[PDB]
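Fold and geometry: a report
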Amino acid sequence: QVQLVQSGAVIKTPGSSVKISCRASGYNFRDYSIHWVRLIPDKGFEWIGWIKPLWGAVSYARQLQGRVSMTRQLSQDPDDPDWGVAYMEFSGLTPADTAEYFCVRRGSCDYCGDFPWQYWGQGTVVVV
Amino acid sequence: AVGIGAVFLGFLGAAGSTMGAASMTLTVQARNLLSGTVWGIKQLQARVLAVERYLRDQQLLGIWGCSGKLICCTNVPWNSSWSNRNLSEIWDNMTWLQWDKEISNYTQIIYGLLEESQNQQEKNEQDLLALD
Amino acid sequence: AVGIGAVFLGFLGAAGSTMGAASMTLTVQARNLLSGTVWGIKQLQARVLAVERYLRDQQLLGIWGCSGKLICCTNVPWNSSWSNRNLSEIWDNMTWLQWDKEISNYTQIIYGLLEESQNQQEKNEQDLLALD
Amino acid sequence: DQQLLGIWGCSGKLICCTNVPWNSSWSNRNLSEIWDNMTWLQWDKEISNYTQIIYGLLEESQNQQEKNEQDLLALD
Amino acid sequence: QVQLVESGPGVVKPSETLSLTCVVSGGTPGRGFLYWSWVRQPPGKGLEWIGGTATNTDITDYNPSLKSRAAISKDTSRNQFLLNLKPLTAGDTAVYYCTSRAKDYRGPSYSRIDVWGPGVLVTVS
Amino acid sequence: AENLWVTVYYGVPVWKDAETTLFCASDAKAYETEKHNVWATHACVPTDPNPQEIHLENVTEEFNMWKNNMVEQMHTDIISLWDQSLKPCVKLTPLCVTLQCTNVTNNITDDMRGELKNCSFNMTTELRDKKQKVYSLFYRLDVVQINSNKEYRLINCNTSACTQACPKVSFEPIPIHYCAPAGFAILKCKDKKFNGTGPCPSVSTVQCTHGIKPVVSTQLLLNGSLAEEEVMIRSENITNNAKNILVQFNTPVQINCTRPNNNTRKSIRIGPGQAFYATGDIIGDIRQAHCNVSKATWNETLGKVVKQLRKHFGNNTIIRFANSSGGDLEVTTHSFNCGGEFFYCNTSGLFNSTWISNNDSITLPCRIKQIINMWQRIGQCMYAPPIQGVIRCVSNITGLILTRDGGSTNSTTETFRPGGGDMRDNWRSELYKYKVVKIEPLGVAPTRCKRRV
Amino acid sequence: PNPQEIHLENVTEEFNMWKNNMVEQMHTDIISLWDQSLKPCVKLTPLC
Amino acid sequence: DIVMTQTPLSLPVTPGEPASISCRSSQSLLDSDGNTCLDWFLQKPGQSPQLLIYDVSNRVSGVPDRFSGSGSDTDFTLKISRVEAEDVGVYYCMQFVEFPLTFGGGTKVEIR
Amino acid sequence: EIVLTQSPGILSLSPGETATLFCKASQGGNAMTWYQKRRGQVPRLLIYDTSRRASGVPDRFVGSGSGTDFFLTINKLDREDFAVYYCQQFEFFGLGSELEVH
Ligand SMILES: *[C@@H]1O[C@H](CO)[C@@H](O[C@@H]2O[C@H](CO)[C@@H](O[C@@H]3O[C@H](CO[C@H]4O[C@H](CO)[C@@H](O)[C@H](O)[C@@H]4O)[C@@H](O)[C@H](O[C@H]4O[C@H](CO)[C@@H](O)[C@H](O)[C@@H]4O[C@H]4O[C@H](CO)[C@@H](O)[C@H](O)[C@@H]4O)[C@@H]3O)[C@H](O)[C@H]2NC(C)=O)[C@H](O)[C@H]1NC(C)=O
Ligand SMILES: *[C@@H]1O[C@H](CO)[C@@H](O[C@@H]2O[C@H](CO)[C@@H](O[C@@H]3O[C@H](CO[C@H]4O[C@H](CO)[C@@H](O)[C@H](O)[C@@H]4O)[C@@H](O)[C@H](O[C@H]4O[C@H](CO)[C@@H](O)[C@H](O)[C@@H]4O)[C@@H]3O)[C@H](O)[C@H]2NC(C)=O)[C@H](O)[C@H]1NC(C)=O
Ligand SMILES: *[C@@H]1O[C@H](CO)[C@@H](O[C@@H]2O[C@H](CO)[C@@H](O[C@@H]3O[C@H](CO[C@H]4O[C@H](CO)[C@@H](O)[C@H](O)[C@@H]4O)[C@@H](O)[C@H](O[C@H]4O[C@H](CO)[C@@H](O)[C@H](O)[C@@H]4O)[C@@H]3O)[C@H](O)[C@H]2NC(C)=O)[C@H](O)[C@H]1NC(C)=O
Ligand SMILES: *[C@@H]1O[C@H](CO)[C@@H](O[C@@H]2O[C@H](CO)[C@@H](O[C@@H]3O[C@H](CO)[C@@H](O)[C@H](O[C@H]4O[C@H](CO)[C@@H](O)[C@H](O)[C@@H]4O)[C@@H]3O)[C@H](O)[C@H]2NC(C)=O)[C@H](O)[C@H]1NC(C)=O
Ligand SMILES: *[C@@H]1O[C@H](CO)[C@@H](O[C@@H]2O[C@H](CO)[C@@H](O[C@@H]3O[C@H](CO)[C@@H](O)[C@H](O[C@H]4O[C@H](CO)[C@@H](O)[C@H](O)[C@@H]4O)[C@@H]3O)[C@H](O)[C@H]2NC(C)=O)[C@H](O)[C@H]1NC(C)=O
Ligand SMILES: *[C@@H]1O[C@H](CO)[C@@H](O[C@@H]2O[C@H](CO)[C@@H](O[C@@H]3O[C@H](CO)[C@@H](O)[C@H](O)[C@@H]3O)[C@H](O)[C@H]2NC(C)=O)[C@H](O)[C@H]1NC(C)=O
Ligand SMILES: *[C@@H]1O[C@H](CO)[C@@H](O[C@@H]2O[C@H](CO)[C@@H](O[C@@H]3O[C@H](CO)[C@@H](O)[C@H](O)[C@@H]3O)[C@H](O)[C@H]2NC(C)=O)[C@H](O)[C@H]1NC(C)=O
Ligand SMILES: *[C@@H]1O[C@H](CO)[C@@H](O[C@@H]2O[C@H](CO)[C@@H](O[C@@H]3O[C@H](CO)[C@@H](O)[C@H](O)[C@@H]3O)[C@H](O)[C@H]2NC(C)=O)[C@H](O)[C@H]1NC(C)=O
Ligand SMILES: *[C@@H]1O[C@H](CO)[C@@H](O[C@@H]2O[C@H](CO)[C@@H](O)[C@H](O)[C@H]2NC(C)=O)[C@H](O)[C@H]1NC(C)=O
Ligand SMILES: *[C@@H]1O[C@H](CO)[C@@H](O[C@@H]2O[C@H](CO)[C@@H](O)[C@H](O)[C@H]2NC(C)=O)[C@H](O)[C@H]1NC(C)=O
Ligand SMILES: *[C@@H]1O[C@H](CO)[C@@H](O[C@@H]2O[C@H](CO)[C@@H](O)[C@H](O)[C@H]2NC(C)=O)[C@H](O)[C@H]1NC(C)=O
Ligand SMILES: *[C@@H]1O[C@H](CO)[C@@H](O[C@@H]2O[C@H](CO)[C@@H](O)[C@H](O)[C@H]2NC(C)=O)[C@H](O)[C@H]1NC(C)=O
Ligand SMILES: *[C@@H]1O[C@H](CO)[C@@H](O)[C@H](O)[C@H]1NC(C)=O
Ligand SMILES: *[C@@H]1O[C@H](CO)[C@@H](O)[C@H](O)[C@H]1NC(C)=O
Ligand SMILES: *[C@@H]1O[C@H](CO)[C@@H](O)[C@H](O)[C@H]1NC(C)=O
Ligand SMILES: *[C@@H]1O[C@H](CO)[C@@H](O)[C@H](O)[C@H]1NC(C)=O
Ligand SMILES: *[C@@H]1O[C@H](CO)[C@@H](O)[C@H](O)[C@H]1NC(C)=O
Ligand SMILES: *[C@@H]1O[C@H](CO)[C@@H](O)[C@H](O)[C@H]1NC(C)=O
Ligand SMILES: *[C@@H]1O[C@H](CO)[C@@H](O)[C@H](O)[C@H]1NC(C)=O
């Protein structure tokens, strides 16, 4: 199986910075990309970014550069090499960004692309 | 003679040519079919596989009408449901790679048909030489 | 058609049947005779042994009268000291596993006999085509 | 080497009458002094230079007579 | 041997350098080698072979009448081969051909493969 | 006439696509110098000369770069060959010791942060009872503080002890010629304008491919194989974002990379027979490693790649090259090897431009690490031993690896950023021409002839 | 058992002791067999 | 070098009558393998040369039997039994027994 | 920017029938993915590559179309399947269509 667990919901102040964790378990973490998407009410979905956790190469959306930042932390352990953590340090928090934030992972079939996000995190709502 | 080269019937050399034209040069494909630390091991794991599959298809010719004749008149009537197309447009238009896709669905009844026909004519020949 | 199965000439499928009945289905035993970390190594140590012994018995047919005919009329007179039993009780009563034990003592003179008879008729055929 | 006999006139006959005329430039010596004097190890050195045209000659002759036999059984 | 493509300057004044390239599309359809040559034809005159090379070697043959002014080279990875000519005279005005020749044994009877590019006329003035 | 009969044909040319284990071949020049000077000098076969590039007529082969074979096989081959070339070299478990470090003898300015530390520590001798107080120089990217006073330890001692590469072996690429085994063929697409997916109307069979140098570079793939006439971009799906855009251009841009200090290596005997090559003194001045690229040639090649990349996004688009977005140090920066030393050279001096619809040199700095973690495994390193003298290498950048930005919101411009990511994108730029096929004989065709009795 | 010492007539073979094979092969065989017969035995690094 | 002379240099011919073109070498064209290394090409106006006759008397495929070639070791003749409009152009003999390859001077059949 | 528009907006049906949802892309030649989301749960993948279904998806959902037009037809509507359905190309998402009980 594959699990994506997040951190709990938070209430922050305008101009502060949130830091959302995303722990992935149940697969070889160093292979598959992790995407981050958000859900704003009354505006539909909106993509944020992705991160390849082998090295850590990222890519952000064009309208969110200079605000978001993504890191990862691998499992340097030859006994449980499966688990891993992704992070998002979303800075420049304005009152428009009250939303729910999901960290997703693509499917594992061969004809699955990258954007057919199969496995989903529970989502974390932030309110500012 | 000088200033001139020489070409010699290359491996896979007529793959786009006509079936009637590719039917004259089959022997080069047969010659370049057998001959040509764990790494030696893995290429050993390649090499015997080659010789294994080589014997496999020759075993099939061992069961049908000809062990090493490399073309083979047989005694199975060609069902027109497989091809329904006349000879002069097959041997003079099409290439082999198209024909393989064209009759790739219709296989494995031809092999059992040829096997039964060869065994049938073999036991009939044994009964023919038996009464003498 | 529905509600009905299909049986197909299984491997070793006639081992208890009569020799006259087992003499019609030999080809399945021939087809399932070739095809089918150090562990790969040891099954590699199995696999090539298989192909080795396969070629070995075909080499014997290379020396006697038939390379791939899979039954073989020859020219060695059957000594009645080996069997002393008439044909209609051999081909219509006994099974092959009994016959193998029955003539397992009388081998290795048949092989040299067949070898000499094939080489003898081969050089006589060469002398026959020589004078033309 | 058995593959080579697969290409020439005989798969397993172990001697083989063929249909390639023996060029006298290779040996220029009569039969009764070859088959009754010389040994094989001398003969191999004697015609070891003249090889690889015999093999292509035999290959072409076998394929030629094979397609002629197919054309002969074709018209029936 | 399916295609030969010649290239070089179409008009050259007498002090510069004549450089020609021939690009071969479809090198060889069988084992062995081809021989690739440059041949020239002055207006109303005959054909003159400038030089060439076998695909099997790196040794090139040149016409001695050309006073060792020609230099021919090749590189099979780019499937090209080149002729360079220096000094020039009006007598080098010619149609220039690239050619590929080999004896062809692929058929039932011995035949020849013999292919020429279309040629480029070069006038020096 | 209508009594047409089955005839088999054995040894007839038809192939299928297949996967199989391929096979080395190395040139005889790499066999002229011997004795495990570099890897795969014994693990691969000597090649044959004049490889038979045999052209075929009337053939349309469906090639695919991205779902290809021969690249995951090449990647497993090169990492296994990396692993086998470290087993006889020494293991550095007696070096995870509490180091006492200090600053090097240098005029320390506060703005410039020194990339060298001078570390002294106890170490066992070959006599097990006695120990010696030795000193060496390390880079600041290899030590970490343990917490006034200052005590350091190595960066990998809480993850994995790891192996100094024994320096008789070398790291320059030699060309490897892959060969098909018997009963398989290798096809090569001789088309010029071939973007890497679909039909190729002029194929040719090859017994053994050309010289493939295995280089390890993340962005800006060096020593590659050039194009023929154009600069070619290629992608799996260009409207996707997660797939890198491989760019390969025709004339190369040469790059001169150097480190200008001369390290003096010294041998510190760990135990019986095992020695450890440390950095001794720097004679002369200390300076920063760097690389130089010609500015006019770089601007011309970026002009060519913009003129090519406008064909896929409309001509009236503003192409903007920005530097890397972030991540680990082996992908944010140009990582390579140069004479047995691992460079990490900053890249923001090149990928910084904005192109609208209408003898100087670029010096870009580098940082060098002694402890690598190549291929990103769990319990591995390689402690690269130092090299005596100054180090200079001249190479020729032939390609690039780019990545778009996933733009929403009415965006009229497209920003391109370099990004290394996988190492298989390197060899994927060199095995795009090649497909491996299983030849199968034994076709079956009807004709007009019948077997007699 | 009983290895077949088979004599041949009328044969003149050119032997050579010094450019022979089977000796560098035997030497590599015996040193590799020396090396493989020491791997399971102990290592004496705590005795220096 | 072997000097190749072709005769004549300029012979205009009216359509339909037979023609014979002579070629001479300063050396024998019999090579080691027993082959006489002489080819005949025709270069029609504004076109590439096309091989017409190769070893001693054999015509390339697609070339009509109207064209025939004969010769000794040094003296060769190309005969055209019935001249047609597309035979016009410059005819060339060529030796390849030795380097350099040399061509005759050509015979231009043209309409006056 | 590739804007996806979704046609039906609000769609009111009763359980048991079939329902077709339509989306029209801005450029053509790419695949489509379809998601569903109930009231207050995580979304799940219904269809990727515009014709295949995901794991844990019954065969009553099927999607088709090509070029710029794409359809998701759900057969034999139940009560629990009344949810909002989101279309999705590479980075861009539709605003979504809502299925409502009648
Ligand atoms: C892209 O492709 C280019 C292709 O040019 C490549 O550049 C070349 O890289 C290689 C290795 O990375 C360089 O080879 C080294 O060159 C130095 C200097 O060479 C000089 O002398 C030779 C011979 O006279 C000339 O050909 C050359 O032009 C220079 O004048 C050599 O010293 C190196 O040899 C040492 O290492 C070998 C490793 O086994 C030893 O066998 C050898 O004996 C040498 O070791 C000796 O010196 C050591 C230091 O003093 C000492 O510690 C040892 O014990 C021993 O005494 C090696 O041949 C080559 O020069 C580069 N080409 C150019 C033009 O500079 C790029 O590297 C490549 N890019 C990438 C990223 O791979
Ligand atoms: C990294 O850090 C280490 C640790 O400090 C440095 O190594 C020391 O460097 C100093 C340089 O000042 C050396 O000190 C010199 O020692 C000379 C005596 O040599 C022997 O002495 C020691 C015992 O003290 C022996 O164990 C050893 O074998 C030496 O061979 C003195 O003669 C020197 O005097 C200097 O100053 C006087 C007056 O100022 C001058 O007249 C002299 O000419 C001379 O310049 C000096 O005291 C010390 O020996 C080094 N230690 C070791 C163990 O090598 C490294 O230099 C440093 N590395 C870098 C790159 O900075
Ligand atoms: C790849 O290469 C690029 C090359 O540009 C690097 O980019 C530069 O990185 C540096 C970080 O070292 C950026 O920061 C600059 O540092 C300068 C050094 O000044 C120091 O000291 C002063 C006084 O004590 C401090 O105020 C200062 O904070 C530093 O501690 C500063 O001079 C710069 O400030 C300048 O900013 C602008 C420049 O126009 C002026 O208006 C200011 O008045 C002031 O002069 C700055 O702080 C630097 O900005 C980067 N360059 C650019 C162009 O942005 C990359 O860092 C390198 N990659 C990696 C991974 O290192
Ligand atoms: C060893 O390194 C030190 C630095 O760690 C270095 O000292 C500096 O040298 C420069 C030049 O010799 C001094 O001069 C400066 O030059 C610039 C350019 O004109 C001026 O703008 C500076 O004015 C301000 O900057 C200083 C920075 O702290 C201020 O302290 C100063 O009061 C001014 O406000 C200044 O004129 C520079 O002052 C020194 N810095 C120090 C701290 O001494 C030294 O030269 C190096 N020596 C060797 C042998 O390498
Ligand atoms: C980005 O670009 C790439 C390259 O163009 C593209 O990959 C292509 O995707 C299509 C659709 O998935 C593939 O087409 C399929 O290929 C398989 C291979 O055998 C066929 O079996 C398919 O035939 C049927 O399949 C379905 C039946 O269940 C039907 O939906 C379909 O219409 C057919 O009836 C089908 O042809 C194509 O092979 C790949 N090409 C490559 C090179 O990978 C990718 O999809 C693009 N990305 C996006 C998000 O669109
Ligand atoms: C190499 O090994 C030696 C031996 O252990 C190390 O020297 C030791 O260093 C410690 C300090 O970390 C000394 O402790 C101090 O002792 C003094 C008395 O001289 C005392 O006043 C202090 O309060 C403190 O306790 C220790 O005595 C000393 N041992 C010896 C034998 O000298 C040394 O640190 C190691 N590393 C290097 C780079 O030399
Ligand atoms: C790509 O280019 C940009 C701009 O040229 C680089 O951004 C700059 O990066 C440097 C180094 O990280 C930053 O300097 C540092 O800032 C921090 C505060 O965050 C300070 O603590 C440090 O002492 C140092 O001053 C700089 O602020 C930053 N500038 C901007 C505008 O972002 C970026 O690093 C480049 N990317 C790579 C991979 O090199
Ligand atoms: C970067 O790559 C190119 C090509 O990959 C390197 O070679 C340049 O182009 C050709 C191809 O090798 C060289 O010609 C060669 O010359 C030698 C000696 O004459 C000959 O034996 C070869 O067969 C080949 O024809 C060419 O010399 C070379 N360019 C230069 C200026 O030397 C190139 O060297 C690489 N490095 C750089 C810095 O560009
Ligand atoms: C070496 O020791 C320390 C550790 O680096 C140095 O102290 C710091 O040095 C950095 C630059 O390397 C400066 O930016 C800091 O401001 C320094 N901090 C302090 C508190 O000085 C020290 O300067 C170096 N040199 C010596 C002689 O100790
Ligand atoms: C860099 O360091 C090396 C030493 O490793 C220097 O080599 C010395 O060169 C001089 C002059 O030729 C010789 O007298 C010495 O014997 C050399 N040292 C050794 C250990 O042999 C080299 O010159 C230095 N280069 C620079 C630019 O500083
Ligand atoms: C990289 O190094 C090469 C090798 O020195 C440089 O080529 C030299 O360039 C200078 C200046 O144009 C010439 O005088 C030399 O004749 C060149 N030598 C050779 C062997 O080509 C090249 O310029 C350097 N590139 C950069 C960007 O610095
Ligand atoms: C990025 O490119 C620009 C040129 O396109 C370089 O020039 C500087 O650009 C910045 C803003 O991008 C200006 O503030 C500076 O004034 C420019 N420099 C000068 C001398 O005018 C810039 O250097 C490049 N960035 C890097 C890190 O090299
Ligand atoms: C031909 O094949 C079809 C099925 O493919 C079969 O029904 C038919 O009986 C066959 N006819 C003959 C003459 O073999
Ligand atoms: C083989 O099967 C496929 C799919 O079942 C079918 O489309 C094709 O027509 C068949 N081949 C022939 C020759 O009928
Ligand atoms: C039959 O075999 C016996 C021994 O088994 C032998 O003595 C006898 O001569 C043989 N007879 C024939 C005809 O082969
Ligand atoms: C074979 O030998 C055994 C024991 O020597 C003997 O009992 C048996 O009868 C022999 N077989 C035959 C067929 O005579
Ligand atoms: C015999 O061989 C020579 C060369 O060895 C060749 O010239 C000659 O034509 C050949 N003759 C026959 C009849 O094969
Ligand atoms: C084979 O070649 C050698 C040396 O080229 C020559 O001496 C020998 O006579 C040749 N063999 C024959 C049978 O002519
Ligand atoms: C954009 O410019 C290129 C330049 O050649 C041209 O080929 C293309 O047709 C242009 N597209 C449009 C829409 O004008």
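Structure first, text after, so check above.
Below is a short write-up of the structure. Sequence positions in this view are assigned from 1 along each chain in the order the sequence is written. Entry numbering can differ, and residues without coordinates are absent from the display. Just so you know, chain letters begin at A and ligand numbers begin at 1, following the order they were written in. Note that the displayed chains come from a larger assembly and that each value is computed for the displayed part only. In computing side-chain properties, one takes all heavy atoms of the structure into account and sets aside hydrogens as well as water.

1. Regarding the side chain of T301 of chain F
Residue and element names in this part refer to chain F. Helical segments are the DSSP runs of H or I of at least four residues, strand segments are the runs of E of at least two, and each set is numbered from the N terminus. By the secondary structure assignment, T301 is in helix α3 (residues 295–309). Throughout, exposure labels follow a simple rule: accessible area from a 1.4 Å probe, protein chains only, divided by the maximum for the residue type, with under 20% read as buried, over 50% as exposed, and the rest as partly exposed. Judged by relative accessible area, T301 falls into the buried class, the value being 8%. Working rule for contacts: check all heavy atoms of both residues, and any pair within 4.5 Å makes them a contact. Contacts of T301, omitting those with residues within four sequence positions, involve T251 and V253.

2. What to know about the site of ligand 5
Around ligand 5, the neighbouring residues are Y111 of chain A, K67, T197, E236 and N237 of chain F together with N30, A31, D49, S51, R52 and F90 of chain I. Summary of the distance rule: residues count as near a molecule or strand when at least one heavy atom falls within 4 Å of that molecule or strand. This site is not confined to one chain, since residues near ligand 5 come from chains A, F and I. Under the rule applied, a polar contact is a pair of N or O atoms within 3.5 Å (in protein, one hydrogen donor and one hydrogen acceptor; residues adjacent in sequence only if both atoms are side-chain atoms). Within the backbone of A31 of chain I, a nitrogen or oxygen atom sits 2.8 Å from an oxygen atom of ligand 5. Across the shell around ligand 5, the residue classes break down as three nonpolar, four polar and four charged. Note that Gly is not counted as nonpolar here; it falls among the polar residues with everything else outside the nonpolar set of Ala, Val, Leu, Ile, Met, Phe, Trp, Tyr, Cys and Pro and the charged set of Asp, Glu, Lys and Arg.

3. Notes on unusual backbone geometry
At the junction of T7 of chain H and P8 of chain H, the peptide bond is cis and its omega measures out at -5° in the coordinates. Looking at the element boundaries, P8 of chain H is found in the loop between β1 (4–7) and β2 (19–25). Here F99 of chain H and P100 of chain H are connected by a cis peptide whose omega angle stands at -5°. Counting through the fold element by element, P100 of chain H comes out in the loop between β7 (89–95) and β8 (102–103). Here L14 of chain D, not a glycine, exhibits a phi torsion of approximately 70°, which is positive. Along the polypeptide, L14 of chain D turns up in the loop between α1 (2–7) and α2 (24–27). Overall, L14 of chain D belongs to the exposed group, its relative accessible area being 64%.

4. Thoughts on the packing of aromatic side chains
Two rings belonging to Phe, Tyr or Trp (six-membered ring only in the last case) form a pair when the distance between their centres is within 6.5 Å. Interplanar angles under 30 degrees mark stacking, angles over 60 mark edge-to-face geometry, and anything in between is tilted. Summed over all chains, the structure comprises 47 aromatic pairs over all chains. Between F115 of chain A and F90 of chain I, the ring centres sit 6.2 Å apart and the planes meet at 70°, which makes this aromatic pair edge-to-face. Highlighted residues: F115 of chain A in the loop between β9 (99–106) and β10 (117–120) and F90 of chain I in the loop between β9 (84–88) and β10 (97–101), drawn from two different chains. On the basis of relative accessibility, which here comes to 14%, the residue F90 of chain I falls in the buried class. For the ring pair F22 of chain I and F71 of chain I, a centre distance of 5.1 Å and an interplane angle of 45° mean the geometry is tilted. With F22 of chain I in strand β3 (residues 19–24) and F71 of chain I in strand β8 (residues 69–74), this pair connects stretches of sequence that are 49 residues apart. For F71 of chain I, a relative accessible area of 35% puts it in the partly exposed group. Three or more aromatic residues joined by ring pairs form one cluster here, namely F45, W47, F102, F115, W117 and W120 of chain A together with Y35, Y86, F90 and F93 of chain I. The criterion for a charge sitting over a ring is simple: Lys NZ or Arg CZ within 6 Å of the ring centre, and within 35 degrees of the ring normal. Stacked on the ring of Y135 of chain F, the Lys or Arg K266 of chain F has its end atom at 3.9 Å from the ring centre. The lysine or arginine in question, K450 of chain F, covers the ring of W5 of chain F, its NZ or CZ lying 5.2 Å from the ring centre.

5. With respect to the sheet that holds strand β8 (residues 70–75) of chain E
Residue and element names in this part refer to chain E. In short, DSSP must find at least two bridges between two strands for them to pair. Spatially, β1-β3-β9-β8 is the arrangement adopted by the four strands of the open sheet, whose pairing is antiparallel. Two strands lie at the open edges of the sheet, namely β1 (3–7) and β8, each paired on one side alone. Recorded for the sheet is a direction-independent mean angle of 15° between the axes of neighbouring strands. Pairing of β8 with strand β9 (residues 80–85), which is carried by six bridges, proceeds in the antiparallel orientation. Across the sheet, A71 pairs through a bridge with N84, a residue of β9. For helices, the fitted axis covers only the stretch in contact; all axes are lines through C-alpha atoms, and the angles between them, taken along N-to-C directions, range from 0 to 180 degrees.

6. A few points about the relation of the copies chain C and chain B
Related by rotation about an axis and a shift along that axis, the two copies of the chain form a pair. Between copies, superposition is a least-squares fit restricted to the C-alpha atoms. You can overlay chain C on chain B at an RMSD of 0.0 Å; the transform is a turn of 120° with a shift of 0.0 Å along its axis. Expressed as a symmetry operation, the mapping of one chain copy onto the other fits a three-fold axis.

7. Let's talk about the pattern of salt bridges
Opposite charge on two side chains permits them to pair, given that their charged atoms come into close proximity. What makes a salt bridge here is a side-chain nitrogen of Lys or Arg within 4 Å of a carboxyl oxygen of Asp or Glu, nothing more. This model, assessed by the stated rule, comprises 39 salt bridges over all chains. Here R85 of chain C makes a salt bridge to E102 of chain C, at a shortest N to O gap of 2.5 Å. Pair noted here: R85 of chain C is in the loop between α4 (80–83) and α5 (87–90) and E102 of chain C is in helix α6 (residues 96–102), with a separation of 17 residues, a long-range link. Of the residues examined, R85 of chain C reaches a relative accessible area of 30% and is grouped as partly exposed. Notably, a salt bridge pairs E236 of chain F with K243 of chain F, separated by 3.5 Å at the nearest N-O pair. The partly exposed category is assigned to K243 of chain F, whose relative accessible area is 24%. Shared partners join several salt bridges into a network, and the residues in it are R38, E46, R67 and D97 of chain A.

8. Digging into the state of the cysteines
Working definition: a disulfide is two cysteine sulfur atoms within 2.5 Å of each other. Tallied over the entire structure, the rule returns 17 disulfides over all chains. The disulfide that involves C23 of chain H links it to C93 of chain H, with 2.0 Å between the sulfurs. Taking the sign of the torsion about the S-S bond as the criterion, the disulfide between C23 of chain H and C93 of chain H, at about 80°, is right-handed. Linking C23 of chain H in strand β2 with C93 of chain H in strand β7, this pair joins segments that are 70 residues apart in sequence. Grouping residues by exposure puts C23 of chain H and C93 of chain H together as buried. No disulfide involves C73 of chain B; its sulfur sits 3.5 Å from that of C449 of chain F, the nearest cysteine.

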